[PDB]
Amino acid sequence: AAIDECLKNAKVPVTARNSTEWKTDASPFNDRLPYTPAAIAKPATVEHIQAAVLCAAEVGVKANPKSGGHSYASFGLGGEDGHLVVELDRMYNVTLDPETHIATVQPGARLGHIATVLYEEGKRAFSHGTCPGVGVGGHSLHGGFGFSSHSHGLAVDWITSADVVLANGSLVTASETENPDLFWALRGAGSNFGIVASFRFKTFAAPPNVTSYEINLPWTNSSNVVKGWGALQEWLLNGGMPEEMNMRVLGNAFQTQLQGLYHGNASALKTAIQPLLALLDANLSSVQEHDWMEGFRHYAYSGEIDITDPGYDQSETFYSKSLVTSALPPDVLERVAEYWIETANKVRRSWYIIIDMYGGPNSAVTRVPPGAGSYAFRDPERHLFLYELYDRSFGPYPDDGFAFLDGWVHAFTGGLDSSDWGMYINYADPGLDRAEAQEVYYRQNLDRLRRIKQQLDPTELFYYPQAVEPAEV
């Protein structure tokens, strides 16, 4: 087709439809949501990215970058058939400057590869998610929360500059001192404004020891969930969680526990966690001290860490939702608990819920000021918890299945004003319509996002079904 001929004349490397690599390059992370691209460009340099983008514009097709391919809605594939996919995973180099400790990171580098290189070359790190296969591109441009985030913030907070290919093929560098509107827009909503062709990340010195630990929670009936969560949120909101502690609740039908990573040794952790243990009447278990990389591996849930192979093919079949909330009133705690116990525990599919200890007085995430970036959830009281709800099938996903997580999310949102909750596009939920998605993902920052969108991509070349809409002028 025309897109194929344009890419060829422009000397852009591609994955041919009839090749062996098509299957790998086109395949989603979420097997529930395959899409068939118009074509797959396979850039080795920013020049190829520019030329691919220009081809999409000249020919009249939409284009989307795919970095790690982990979008829960397959938005890296375009979220529908027939987009040019700019597959970035042949571009994964990570360079660490010994002087400034700034990392130059190509946009197809996956988190495990990044973590490995930064640690091996200078014992450095930045704050990012668990999950070695996740691409830096989607992850860092929309937030990025992991077991260093209470201590050090979101992945997006470590970006110091980015080189961007715009919808008309122009190159720009965005930073605090250059294209500041674009830099603001990238840092929360970056899928909408161009293809980032190179990132520069600041780093921190990796702690020599981290300590993983667990606290089992007796959340086997509704009253125990309510009292336990009510205590936990009061503890967090009143500054109980020290900077060095990073923690979440992981629940499934068969066990509920706090899981943590403490940036320090085991004796220091025991001292730091004692107040919470006394409040919950609970005990520590599985206390394990690690070096920095073993700490990462511990929560990776993956055999491979330093992943760079273009053959990468990890995939699951699922539906997922997210939330960001304040502390929850007990009426909401009761509804959420009843749903958990009476409904979720009886669902005959693998599911889990993660409640990250996200905000409160000591969180680095919510110390970032309200105007710093488009990422919407920075209030240390109002943005207290971040949630992942995940519903996974081993066969085909049942078409009536969506009601399960939908009902659970309703148990929260029915009792919270829209100023006290949002959603998180790193757990992209294609059940939301486009208007709803923009509002819940970006909240108070949507209007300015829409204005920048009209300025930078008025034709919506980077369209996907939950993309920011350009403002009308």
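Start at 1 and count along the sequence shown; that's the residue number.
Asks: Out of 216-224 and 68-76, which one has CA B-factors that are higher on average in the deposited record?
Replies: Higher of the two, by average CA B-factor, is 216-224.
Asks: On average, which has the higher Cα B-factor in the deposited entry, 42-50 or 402-410?
Replies: Per the deposited B-factors, the answer is 42-50.
Asks: According to the Cα B-factor stored in this entry, which of the following is highest: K346, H128, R110, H83?
Replies: Answer for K346, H128, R110, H83: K346, with the highest C-alpha B-factor.
Asks: What's the residue among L261, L333, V365, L279 with the greatest CA temperature factor in the PDB record?
Replies: Going by the entry's C-alpha B-factors, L279 comes out highest.
Asks: When the deposited Cα B-factors of this chain's modelled residues are ordered and cut into thirds, is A26 in the lowest, the middle or the highest one?
Replies: Highest third.
Asks: What third of its chain's C-alpha B-factors does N426 belong to: lowest, middle or highest?
Replies: For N426, whose C-alpha B-factor we compare with every modelled residue in the chain, the answer is the lowest third.
Asks: Going by the entry, which third of its chain does the Cα temperature factor of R187 land in?
Replies: Ranked within chain, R187 CA B lands in the middle tercile.
Asks: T211's Cα B-factor: lowest, middle or highest third of the chain?
Replies: CA B-factor rank for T211: highest third.
Asks: Would you please rank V105 by its C-alpha temperature factor against the other modelled residues of its chain and give the third it falls in: lowest, middle or highest?
Replies: Middle third of the chain for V105's C-alpha B-factor.
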